[PDB]
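Asks: Please find run05.cif (mmCIF, C-alpha atoms and all ligand atoms) on the next line:
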data_protein
#
loop_
_atom_site.group_PDB
_atom_site.id
_atom_site.type_symbol
_atom_site.label_atom_id
_atom_site.label_comp_id
_atom_site.auth_asym_id
_atom_site.auth_seq_id
_atom_site.Cartn_x
_atom_site.Cartn_y
_atom_site.Cartn_z
ATOM 1 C CA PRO A 628 0.000 0.000 0.000
ATOM 2 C CA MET A 629 1.236 3.374 -1.315
ATOM 3 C CA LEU A 630 -2.346 4.380 -0.609
ATOM 4 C CA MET A 631 -1.552 3.962 3.101
ATOM 5 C CA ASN A 632 1.447 6.269 2.673
ATOM 6 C CA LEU A 633 -0.589 8.897 0.816
ATOM 7 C CA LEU A 634 -2.560 8.924 4.098
ATOM 8 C CA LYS B 123 -30.420 28.122 8.237
ATOM 9 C CA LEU B 124 -26.858 26.758 8.213
ATOM 10 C CA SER B 125 -25.136 26.427 11.604
ATOM 11 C CA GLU B 126 -21.569 27.714 12.127
ATOM 12 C CA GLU B 127 -20.426 24.076 12.181
ATOM 13 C CA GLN B 128 -22.066 23.406 8.803
ATOM 14 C CA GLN B 129 -20.460 26.521 7.347
ATOM 15 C CA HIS B 130 -17.127 25.245 8.737
ATOM 16 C CA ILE B 131 -17.603 21.947 6.861
ATOM 17 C CA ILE B 132 -18.241 23.699 3.517
ATOM 18 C CA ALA B 133 -15.282 26.117 3.788
ATOM 19 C CA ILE B 134 -13.011 23.118 4.485
ATOM 20 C CA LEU B 135 -14.311 21.106 1.503
ATOM 21 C CA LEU B 136 -13.962 24.054 -0.937
ATOM 22 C CA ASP B 137 -10.409 24.593 0.287
ATOM 23 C CA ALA B 138 -9.697 20.827 0.036
ATOM 24 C CA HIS B 139 -10.975 20.681 -3.540
ATOM 25 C CA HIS B 140 -9.219 23.904 -4.555
ATOM 26 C CA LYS B 141 -5.976 22.481 -3.172
ATOM 27 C CA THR B 142 -6.490 19.295 -5.238
ATOM 28 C CA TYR B 143 -8.070 20.414 -8.500
ATOM 29 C CA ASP B 144 -5.939 22.489 -10.842
ATOM 30 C CA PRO B 145 -8.150 24.130 -13.556
ATOM 31 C CA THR B 146 -5.069 25.261 -15.572
ATOM 32 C CA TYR B 147 -4.287 21.517 -15.923
ATOM 33 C CA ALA B 148 -0.566 22.394 -15.815
ATOM 34 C CA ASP B 149 0.666 18.954 -14.649
ATOM 35 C CA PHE B 150 -0.714 17.116 -17.714
ATOM 36 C CA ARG B 151 2.562 17.932 -19.444
ATOM 37 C CA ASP B 152 4.098 15.126 -17.287
ATOM 38 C CA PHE B 153 1.955 12.270 -18.623
ATOM 39 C CA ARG B 154 3.002 9.814 -21.303
ATOM 40 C CA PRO B 155 1.879 11.590 -24.485
ATOM 41 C CA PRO B 156 -1.579 10.994 -26.032
ATOM 42 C CA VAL B 157 -1.719 9.280 -29.432
ATOM 43 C CA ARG B 158 -4.712 9.852 -31.704
ATOM 44 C CA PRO B 219 -6.324 0.562 -30.806
ATOM 45 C CA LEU B 220 -4.990 1.007 -27.269
ATOM 46 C CA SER B 221 -2.881 4.031 -28.160
ATOM 47 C CA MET B 222 -4.555 6.286 -25.531
ATOM 48 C CA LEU B 223 -4.024 3.746 -22.706
ATOM 49 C CA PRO B 224 -0.667 5.091 -21.352
ATOM 50 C CA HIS B 225 -1.883 8.721 -21.333
ATOM 51 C CA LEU B 226 -5.286 7.992 -19.781
ATOM 52 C CA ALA B 227 -3.747 5.653 -17.177
ATOM 53 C CA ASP B 228 -1.403 8.521 -16.196
ATOM 54 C CA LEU B 229 -4.384 10.929 -15.987
ATOM 55 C CA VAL B 230 -6.416 8.549 -13.819
ATOM 56 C CA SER B 231 -3.426 7.697 -11.543
ATOM 57 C CA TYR B 232 -2.806 11.419 -10.974
ATOM 58 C CA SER B 233 -6.540 11.894 -10.265
ATOM 59 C CA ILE B 234 -6.548 9.060 -7.706
ATOM 60 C CA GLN B 235 -3.744 10.982 -5.916
ATOM 61 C CA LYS B 236 -5.815 14.140 -5.956
ATOM 62 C CA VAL B 237 -8.909 12.291 -4.703
ATOM 63 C CA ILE B 238 -6.899 10.837 -1.760
ATOM 64 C CA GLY B 239 -5.732 14.374 -0.904
ATOM 65 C CA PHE B 240 -9.310 15.647 -0.954
ATOM 66 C CA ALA B 241 -10.616 12.687 1.029
ATOM 67 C CA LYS B 242 -7.982 13.380 3.724
ATOM 68 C CA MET B 243 -9.387 16.888 4.318
ATOM 69 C CA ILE B 244 -13.015 15.662 4.796
ATOM 70 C CA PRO B 245 -14.064 16.341 8.424
ATOM 71 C CA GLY B 246 -13.952 12.983 10.221
ATOM 72 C CA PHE B 247 -12.264 10.956 7.453
ATOM 73 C CA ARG B 248 -8.780 10.997 9.064
ATOM 74 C CA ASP B 249 -10.261 9.605 12.325
ATOM 75 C CA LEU B 250 -11.365 6.365 10.682
ATOM 76 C CA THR B 251 -9.240 3.222 11.010
ATOM 77 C CA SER B 252 -6.593 2.915 8.310
ATOM 78 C CA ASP B 253 -8.305 -0.174 6.841
ATOM 79 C CA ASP B 254 -11.628 1.634 6.508
ATOM 80 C CA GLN B 255 -9.914 4.575 4.822
ATOM 81 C CA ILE B 256 -8.399 2.206 2.198
ATOM 82 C CA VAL B 257 -11.732 0.397 1.569
ATOM 83 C CA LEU B 258 -13.608 3.706 1.080
ATOM 84 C CA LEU B 259 -11.028 5.056 -1.352
ATOM 85 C CA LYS B 260 -10.639 1.787 -3.375
ATOM 86 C CA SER B 261 -14.390 1.539 -3.972
ATOM 87 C CA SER B 262 -15.020 5.267 -4.494
ATOM 88 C CA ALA B 263 -11.952 6.416 -6.430
ATOM 89 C CA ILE B 264 -13.326 5.938 -9.991
ATOM 90 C CA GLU B 265 -16.741 7.410 -8.978
ATOM 91 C CA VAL B 266 -15.087 10.615 -7.718
ATOM 92 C CA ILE B 267 -12.921 10.761 -10.861
ATOM 93 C CA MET B 268 -16.196 10.706 -12.786
ATOM 94 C CA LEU B 269 -17.747 13.376 -10.492
ATOM 95 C CA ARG B 270 -14.670 15.637 -10.547
ATOM 96 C CA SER B 271 -14.273 15.400 -14.347
ATOM 97 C CA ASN B 272 -17.681 17.068 -14.845
ATOM 98 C CA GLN B 273 -15.860 20.327 -14.251
ATOM 99 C CA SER B 274 -13.866 19.818 -17.489
ATOM 100 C CA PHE B 275 -16.855 18.201 -19.245
ATOM 101 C CA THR B 276 -18.454 20.226 -22.057
ATOM 102 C CA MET B 277 -21.881 19.665 -23.676
ATOM 103 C CA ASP B 278 -20.933 21.255 -26.976
ATOM 104 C CA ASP B 279 -19.231 18.124 -28.304
ATOM 105 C CA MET B 280 -19.536 15.707 -25.346
ATOM 106 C CA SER B 281 -15.908 15.869 -24.308
ATOM 107 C CA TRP B 282 -13.613 16.724 -21.429
ATOM 108 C CA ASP B 283 -11.783 19.942 -22.269
ATOM 109 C CA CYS B 284 -8.563 20.457 -20.285
ATOM 110 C CA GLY B 285 -7.250 23.638 -21.938
ATOM 111 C CA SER B 286 -5.687 22.514 -25.223
ATOM 112 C CA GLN B 287 -6.369 20.207 -28.149
ATOM 113 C CA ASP B 288 -3.855 17.671 -26.769
ATOM 114 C CA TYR B 289 -5.797 17.438 -23.507
ATOM 115 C CA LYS B 290 -9.269 17.254 -25.051
ATOM 116 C CA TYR B 291 -10.787 13.766 -24.594
ATOM 117 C CA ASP B 292 -13.763 12.673 -26.679
ATOM 118 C CA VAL B 293 -15.592 9.347 -27.063
ATOM 119 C CA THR B 294 -13.080 7.903 -29.545
ATOM 120 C CA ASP B 295 -10.200 8.654 -27.112
ATOM 121 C CA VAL B 296 -11.954 6.789 -24.288
ATOM 122 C CA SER B 297 -12.379 3.824 -26.703
ATOM 123 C CA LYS B 298 -8.654 4.025 -27.574
ATOM 124 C CA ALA B 299 -8.046 3.372 -23.860
ATOM 125 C CA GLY B 300 -9.798 0.022 -24.480
ATOM 126 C CA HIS B 301 -13.291 0.734 -23.174
ATOM 127 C CA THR B 302 -16.619 -0.010 -24.900
ATOM 128 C CA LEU B 303 -19.865 1.841 -25.581
ATOM 129 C CA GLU B 304 -21.431 -0.134 -22.720
ATOM 130 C CA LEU B 305 -19.429 2.072 -20.337
ATOM 131 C CA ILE B 306 -19.065 5.136 -22.542
ATOM 132 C CA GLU B 307 -22.812 5.554 -23.269
ATOM 133 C CA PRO B 308 -23.883 5.700 -19.598
ATOM 134 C CA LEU B 309 -20.791 7.785 -18.711
ATOM 135 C CA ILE B 310 -21.753 10.579 -21.154
ATOM 136 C CA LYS B 311 -25.414 10.334 -20.073
ATOM 137 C CA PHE B 312 -24.234 10.804 -16.457
ATOM 138 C CA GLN B 313 -22.102 13.795 -17.401
ATOM 139 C CA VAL B 314 -25.024 15.451 -19.252
ATOM 140 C CA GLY B 315 -27.318 14.742 -16.280
ATOM 141 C CA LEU B 316 -24.824 16.115 -13.760
ATOM 142 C CA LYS B 317 -23.962 19.181 -15.920
ATOM 143 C CA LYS B 318 -27.653 20.114 -16.293
ATOM 144 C CA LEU B 319 -28.067 20.218 -12.492
ATOM 145 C CA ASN B 320 -25.942 23.408 -12.535
ATOM 146 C CA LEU B 321 -24.493 22.632 -9.101
ATOM 147 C CA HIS B 322 -23.035 25.319 -6.884
ATOM 148 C CA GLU B 323 -19.405 24.454 -6.110
ATOM 149 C CA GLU B 324 -20.596 23.955 -2.490
ATOM 150 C CA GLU B 325 -22.925 21.184 -3.734
ATOM 151 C CA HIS B 326 -20.225 19.717 -5.994
ATOM 152 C CA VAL B 327 -17.652 19.279 -3.152
ATOM 153 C CA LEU B 328 -20.334 17.915 -0.749
ATOM 154 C CA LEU B 329 -21.439 15.287 -3.314
ATOM 155 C CA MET B 330 -17.831 14.138 -3.796
ATOM 156 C CA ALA B 331 -17.490 13.899 0.016
ATOM 157 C CA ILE B 332 -20.758 12.015 0.515
ATOM 158 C CA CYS B 333 -19.672 9.670 -2.315
ATOM 159 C CA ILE B 334 -16.374 8.847 -0.493
ATOM 160 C CA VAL B 335 -17.781 8.366 3.042
ATOM 161 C CA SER B 336 -20.345 5.691 2.114
ATOM 162 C CA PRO B 337 -21.149 3.246 4.959
ATOM 163 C CA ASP B 338 -22.605 0.724 2.487
ATOM 164 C CA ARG B 339 -19.317 -0.288 0.821
ATOM 165 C CA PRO B 340 -18.263 -3.946 0.787
ATOM 166 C CA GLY B 341 -15.468 -4.455 3.353
ATOM 167 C CA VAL B 342 -16.351 -1.548 5.692
ATOM 168 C CA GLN B 343 -15.767 -2.589 9.344
ATOM 169 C CA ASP B 344 -16.897 0.518 11.317
ATOM 170 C CA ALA B 345 -20.044 1.348 9.338
ATOM 171 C CA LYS B 346 -21.707 3.280 12.211
ATOM 172 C CA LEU B 347 -18.741 5.673 12.312
ATOM 173 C CA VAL B 348 -18.687 6.058 8.527
ATOM 174 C CA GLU B 349 -22.449 6.699 8.699
ATOM 175 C CA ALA B 350 -22.034 9.383 11.428
ATOM 176 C CA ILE B 351 -19.697 11.292 9.077
ATOM 177 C CA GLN B 352 -21.918 10.818 6.010
ATOM 178 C CA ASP B 353 -25.011 12.126 7.856
ATOM 179 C CA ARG B 354 -23.351 15.343 9.051
ATOM 180 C CA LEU B 355 -22.308 15.723 5.373
ATOM 181 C CA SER B 356 -25.813 14.938 4.078
ATOM 182 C CA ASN B 357 -27.632 17.326 6.479
ATOM 183 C CA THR B 358 -25.157 20.060 5.550
ATOM 184 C CA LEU B 359 -25.976 19.544 1.859
ATOM 185 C CA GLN B 360 -29.685 19.486 2.548
ATOM 186 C CA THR B 361 -29.576 22.664 4.634
ATOM 187 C CA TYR B 362 -27.423 24.422 2.010
ATOM 188 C CA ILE B 363 -29.965 23.677 -0.687
ATOM 189 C CA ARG B 364 -32.942 25.020 1.325
ATOM 190 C CA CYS B 365 -31.466 28.312 2.513
ATOM 191 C CA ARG B 366 -28.761 29.066 -0.069
ATOM 192 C CA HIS B 367 -29.802 27.455 -3.368
ATOM 193 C CA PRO B 368 -32.552 29.603 -4.966
ATOM 194 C CA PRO B 369 -35.601 28.012 -6.630
ATOM 195 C CA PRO B 370 -36.282 26.238 -8.898
ATOM 196 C CA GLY B 371 -32.639 25.090 -8.832
ATOM 197 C CA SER B 372 -33.523 23.819 -5.333
ATOM 198 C CA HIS B 373 -36.587 21.963 -6.686
ATOM 199 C CA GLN B 374 -35.947 18.232 -6.126
ATOM 200 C CA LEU B 375 -32.197 18.896 -6.199
ATOM 201 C CA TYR B 376 -31.253 16.668 -3.267
ATOM 202 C CA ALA B 377 -33.094 13.565 -4.539
ATOM 203 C CA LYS B 378 -31.637 14.008 -8.041
ATOM 204 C CA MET B 379 -28.166 14.292 -6.431
ATOM 205 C CA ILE B 380 -28.737 11.077 -4.403
ATOM 206 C CA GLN B 381 -29.876 9.464 -7.659
ATOM 207 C CA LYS B 382 -26.538 10.416 -9.258
ATOM 208 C CA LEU B 383 -24.746 8.408 -6.518
ATOM 209 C CA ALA B 384 -26.736 5.334 -7.563
ATOM 210 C CA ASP B 385 -25.745 5.912 -11.226
ATOM 211 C CA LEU B 386 -22.091 6.007 -10.154
ATOM 212 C CA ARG B 387 -22.483 2.628 -8.361
ATOM 213 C CA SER B 388 -23.707 1.193 -11.676
ATOM 214 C CA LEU B 389 -20.991 3.039 -13.672
ATOM 215 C CA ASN B 390 -18.448 1.639 -11.170
ATOM 216 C CA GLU B 391 -19.546 -2.015 -11.747
ATOM 217 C CA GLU B 392 -19.182 -1.439 -15.504
ATOM 218 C CA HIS B 393 -15.728 0.130 -15.014
ATOM 219 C CA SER B 394 -14.682 -2.823 -12.835
ATOM 220 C CA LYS B 395 -15.800 -5.395 -15.426
ATOM 221 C CA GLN B 396 -13.961 -3.689 -18.300
ATOM 222 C CA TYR B 397 -10.902 -2.982 -16.130
ATOM 223 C CA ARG B 398 -10.624 -6.671 -15.140
ATOM 224 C CA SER B 399 -11.052 -7.913 -18.723
ATOM 225 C CA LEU B 400 -8.417 -5.459 -20.083
ATOM 226 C CA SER B 401 -5.792 -5.651 -17.308
ATOM 227 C CA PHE B 402 -5.886 -9.451 -17.435
ATOM 228 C CA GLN B 403 -3.766 -8.957 -20.600
ATOM 229 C CA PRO B 404 -0.357 -8.559 -18.932
ATOM 230 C CA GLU B 405 0.825 -6.324 -21.811
ATOM 231 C CA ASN B 406 -1.951 -3.916 -20.737
ATOM 232 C CA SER B 407 -1.200 -4.114 -17.018
ATOM 233 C CA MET B 408 2.414 -3.181 -17.853
ATOM 234 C CA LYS B 409 1.157 0.117 -19.294
ATOM 235 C CA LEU B 410 -0.562 0.980 -15.998
ATOM 236 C CA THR B 411 0.866 2.756 -12.944
ATOM 237 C CA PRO B 412 1.659 1.118 -9.554
ATOM 238 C CA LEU B 413 -1.040 3.195 -7.795
ATOM 239 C CA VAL B 414 -3.706 2.272 -10.395
ATOM 240 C CA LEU B 415 -2.897 -1.431 -9.950
ATOM 241 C CA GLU B 416 -2.996 -0.962 -6.192
ATOM 242 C CA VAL B 417 -6.319 0.938 -6.188
ATOM 243 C CA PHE B 418 -8.204 -0.859 -9.015
ATOM 244 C CA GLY B 419 -6.331 -4.109 -9.707
ATOM 245 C CA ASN B 420 -5.976 -5.431 -6.155
ATOM 246 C CA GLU B 421 -7.604 -8.431 -4.420
HETATM 247 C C1 LIG C 701 -7.320 3.496 -17.681
HETATM 248 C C2 LIG C 701 -8.584 3.823 -17.425
HETATM 249 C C3 LIG C 701 -9.395 4.698 -18.348
HETATM 250 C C4 LIG C 701 -10.774 4.712 -17.671
HETATM 251 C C5 LIG C 701 -11.207 6.158 -17.511
HETATM 252 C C6 LIG C 701 -12.702 6.440 -17.722
HETATM 253 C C7 LIG C 701 -13.334 5.769 -18.940
HETATM 254 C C8 LIG C 701 -13.087 7.937 -17.752
HETATM 255 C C9 LIG C 701 -13.654 8.394 -16.397
HETATM 256 C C10 LIG C 701 -13.557 9.918 -16.405
HETATM 257 C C11 LIG C 701 -13.007 10.219 -17.805
HETATM 258 C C12 LIG C 701 -12.271 11.508 -18.026
HETATM 259 C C13 LIG C 701 -11.996 12.350 -16.999
HETATM 260 C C14 LIG C 701 -11.275 13.620 -17.153
HETATM 261 C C15 LIG C 701 -10.504 14.200 -16.212
HETATM 262 C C16 LIG C 701 -9.845 15.512 -16.530
HETATM 263 C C17 LIG C 701 -10.075 16.509 -15.384
HETATM 264 O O1 LIG C 701 -11.445 16.905 -15.330
HETATM 265 C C18 LIG C 701 -9.716 15.932 -14.017
HETATM 266 C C19 LIG C 701 -10.414 14.610 -13.704
HETATM 267 O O2 LIG C 701 -9.802 14.086 -12.524
HETATM 268 C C20 LIG C 701 -10.264 13.663 -14.867
HETATM 269 C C21 LIG C 701 -9.877 12.402 -14.680
HETATM 270 C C22 LIG C 701 -11.842 11.750 -19.469
HETATM 271 C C23 LIG C 701 -11.158 10.505 -20.071
HETATM 272 C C24 LIG C 701 -11.760 9.135 -19.675
HETATM 273 C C25 LIG C 701 -12.105 9.048 -18.179
HETATM 274 C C26 LIG C 701 -10.772 9.062 -17.397
HETATM 275 O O3 LIG C 701 -10.651 4.053 -16.392
HETATM 276 C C27 LIG C 701 -9.321 3.460 -16.361
HETATM 277 O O4 LIG C 701 -8.981 2.733 -15.433
#
Using C-alpha cells, write down the structure that the file contains.
Ligand SMILES: C=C1C[C@H](C[C@H](C)[C@H]2CC[C@H]3/C(=C/C=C4/C[C@@H](O)C[C@H](O)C4=C)CCC[C@]23C)OC1=O

Replies:
Amino acid sequence: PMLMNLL
Amino acid sequence: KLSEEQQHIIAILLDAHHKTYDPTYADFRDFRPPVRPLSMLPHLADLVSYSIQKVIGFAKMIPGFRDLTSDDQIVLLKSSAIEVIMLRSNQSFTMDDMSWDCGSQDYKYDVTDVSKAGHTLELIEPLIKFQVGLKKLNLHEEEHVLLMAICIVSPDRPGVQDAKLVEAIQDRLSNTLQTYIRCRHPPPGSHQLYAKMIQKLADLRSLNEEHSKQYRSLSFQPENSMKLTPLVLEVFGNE
C-alpha cells in the first residue's frame, strides 16, 4: 500500500 | 439556516478541492503523451493515476475521514476512487461536443479517445449520459464538493468494518448539503435537487460495476497491465 502512505 | 459548524464543513471542503483540482491543468505535461487501438491507454492511465492521488488528498481533508481506522480509509477510497474521478471530471466536461476539455487540443478527450483506452460503448454511453445529467443540475461548487465527500464516506461499501462511524460522518455531510440547498440554493434550482443528487450516486455505483468489469477484462492482458501505474494497480487491480 502506497495508498496507506498517501494517508 | 446553516449552523456555524455546517459553514465550517463547507469552507473546508472548498479549500480541500481547490488544493487538489488544478483548472489550468498544468501537470498534464508530465503524462506519457496521447496518441490519436490502445494508443490512448498510457496517457489515460497517467491521468487517472494522478486523479486518484488528488482524490486521496481531498478525502484526507473531509471532516472525520482521518479519524477512521486505516483499513476503513483504504476500503472507502478503493471503492469510491473511480466514482469521484467521474464526479470531478464534470468540471472539465463540455456539452458542446460531449468531451472533457482540459485547456488545449492535446488534452481534449472525446468518445473515440476513451475507446482508444480500451473501453466499450457499454461504459461510454452511460458515462456521457451521467455527465449530461450532472452538468444540467448546474451545481453550486458547495454542492459539488459535498457530493464528492458524501460519495467517499459511504457506509454501504463492501469491506467496511466501522459502518456506524462512517455513517455518522456521512449524515453530518448529508444534512449540511440538505440545509445548504434550502437556505442558499434559490428556486427552482432547489426543486428536487437533493433527490436528483442522491440518484446520481446510484448511477455512479452502476458506472463503477461497468468500469470494474472492463478494467478486469483489459488488465488481465499482462501487456496492458504493464502500461498501468503502480497506484492504479494498487487501487483498481488489487484483491
Ligand atoms: C485506464 C482507465 C481509463 C478509464 C477512464 C474512464 C473511462 C473515464 C472516467 C472519467 C473520464 C475523463 C476524466 C477527465 C478528467 C480531466 C479533469 O477533469 C480531471 C479529472 O480528474 C479527470 C480524470 C476523461 C477521459 C476518460 C475518463 C478518465 O478508467 C481506467 O482505469

Asks: Using all atoms listed in the file, which of B:135, B:329, B:389, B:277 sits nearest ligand LIG 701 (chain C)?

Replies: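 Between B:135, B:329, B:389, B:277, the residue approaching ligand LIG 701 (chain C) most closely is B:389.
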
Asks: Can you list what the PyMOL selection byres (((not hetatm)) within 7 of (chain C and resi 701)) grabs from this structure, as an mmCIF file with C-alpha atoms, in the frame of the given file?

Replies:
data_model
loop_
_atom_site.group_PDB
_atom_site.id
_atom_site.type_symbol
_atom_site.label_atom_id
_atom_site.label_comp_id
_atom_site.auth_asym_id
_atom_site.auth_seq_id
_atom_site.Cartn_x
_atom_site.Cartn_y
_atom_site.Cartn_z
ATOM 1 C CA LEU B 223 -4.024 3.746 -22.706
ATOM 2 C CA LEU B 226 -5.286 7.992 -19.781
ATOM 3 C CA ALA B 227 -3.747 5.653 -17.177
ATOM 4 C CA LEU B 229 -4.384 10.929 -15.987
ATOM 5 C CA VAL B 230 -6.416 8.549 -13.819
ATOM 6 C CA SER B 233 -6.540 11.894 -10.265
ATOM 7 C CA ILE B 264 -13.326 5.938 -9.991
ATOM 8 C CA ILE B 267 -12.921 10.761 -10.861
ATOM 9 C CA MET B 268 -16.196 10.706 -12.786
ATOM 10 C CA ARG B 270 -14.670 15.637 -10.547
ATOM 11 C CA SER B 271 -14.273 15.400 -14.347
ATOM 12 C CA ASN B 272 -17.681 17.068 -14.845
ATOM 13 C CA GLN B 273 -15.860 20.327 -14.251
ATOM 14 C CA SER B 274 -13.866 19.818 -17.489
ATOM 15 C CA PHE B 275 -16.855 18.201 -19.245
ATOM 16 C CA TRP B 282 -13.613 16.724 -21.429
ATOM 17 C CA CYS B 284 -8.563 20.457 -20.285
ATOM 18 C CA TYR B 291 -10.787 13.766 -24.594
ATOM 19 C CA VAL B 296 -11.954 6.789 -24.288
ATOM 20 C CA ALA B 299 -8.046 3.372 -23.860
ATOM 21 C CA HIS B 301 -13.291 0.734 -23.174
ATOM 22 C CA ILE B 306 -19.065 5.136 -22.542
ATOM 23 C CA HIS B 393 -15.728 0.130 -15.014
ATOM 24 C CA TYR B 397 -10.902 -2.982 -16.130
#

Asks: Could you work out which residues of chain B fall inside 8 Å of chain A? Count all atoms listed in the file, and format the result as a list in words.

Replies: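 Going by the stated atoms only, the list reads residues 235, 238, 239, 242, 252, 256, 413, 416 and 417 of chain B.
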
Asks: What would the file look like if the residues just selected were written as an mmCIF file, keeping the file's coordinate frame with C-alpha atoms?

Replies:
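Listing of result-v8.cif after writing:
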data_model
loop_
_atom_site.group_PDB
_atom_site.id
_atom_site.type_symbol
_atom_site.label_atom_id
_atom_site.label_comp_id
_atom_site.auth_asym_id
_atom_site.auth_seq_id
_atom_site.Cartn_x
_atom_site.Cartn_y
_atom_site.Cartn_z
ATOM 1 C CA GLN B 235 -3.744 10.982 -5.916
ATOM 2 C CA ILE B 238 -6.899 10.837 -1.760
ATOM 3 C CA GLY B 239 -5.732 14.374 -0.904
ATOM 4 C CA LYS B 242 -7.982 13.380 3.724
ATOM 5 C CA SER B 252 -6.593 2.915 8.310
ATOM 6 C CA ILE B 256 -8.399 2.206 2.198
ATOM 7 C CA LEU B 413 -1.040 3.195 -7.795
ATOM 8 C CA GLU B 416 -2.996 -0.962 -6.192
ATOM 9 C CA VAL B 417 -6.319 0.938 -6.188
#

Asks: Using atom CA of residue B:290 and atom CA of residue B:321 as the two end points, give the distance in Å to one decimal.

Replies: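 Interatomic distance, atom CA of residue B:290 to atom CA of residue B:321: 22.7 Å.
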
Asks: Interatomic distance between atom CA of residue B:385 and atom CA of residue B:221?

Replies: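 Answer for the atom CA of residue B:385 to atom CA of residue B:221 separation: 28.5 Å.
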
Asks: What is the atom CA of residue B:281-atom CA of residue B:231 distance in Å, reported with one decimal?

Replies: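 For atom CA of residue B:281 relative to atom CA of residue B:231, the distance reads 19.6 Å.
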
Asks: Taking (-19.2, 2.9, 10.0) in the file's coordinates as the center, which residues reach within 12 Å of it, counting all atoms listed in the file, put as an MDAnalysis selection string?

Replies: chainID B and resid 246:247 249:251 253:255 257:258 335:353

Asks: What lies within 8 Å of residue B:154 using all atoms listed in the file, ignoring chain neighbours under 4 positions off, as a ChimeraX atom specification?

Replies: /B:224-225,228

Asks: List as a ChimeraX atom specification the protein and nucleic acid residues near residue B:330, meaning an atom at most 10 Å away when all atoms listed in the file are counted, but skip any in the same chain fewer than 6 places from it.

Replies: /B:135,139,237,240-241,244,262,265-270,383

Asks: Those same residues - C-alpha atoms - I'd like them written as a compact mmCIF listing (two decimals), in the coordinates of the input.

Replies:
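result_22.txt was written with the following content:
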# COMPACT_ATOMS: atom_id res chain seq x y z
CA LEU B 135 -14.31 21.11 1.50
CA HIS B 139 -10.98 20.68 -3.54
CA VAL B 237 -8.91 12.29 -4.70
CA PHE B 240 -9.31 15.65 -0.95
CA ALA B 241 -10.62 12.69 1.03
CA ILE B 244 -13.02 15.66 4.80
CA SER B 262 -15.02 5.27 -4.49
CA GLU B 265 -16.74 7.41 -8.98
CA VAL B 266 -15.09 10.62 -7.72
CA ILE B 267 -12.92 10.76 -10.86
CA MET B 268 -16.20 10.71 -12.79
CA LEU B 269 -17.75 13.38 -10.49
CA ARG B 270 -14.67 15.64 -10.55
CA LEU B 383 -24.75 8.41 -6.52
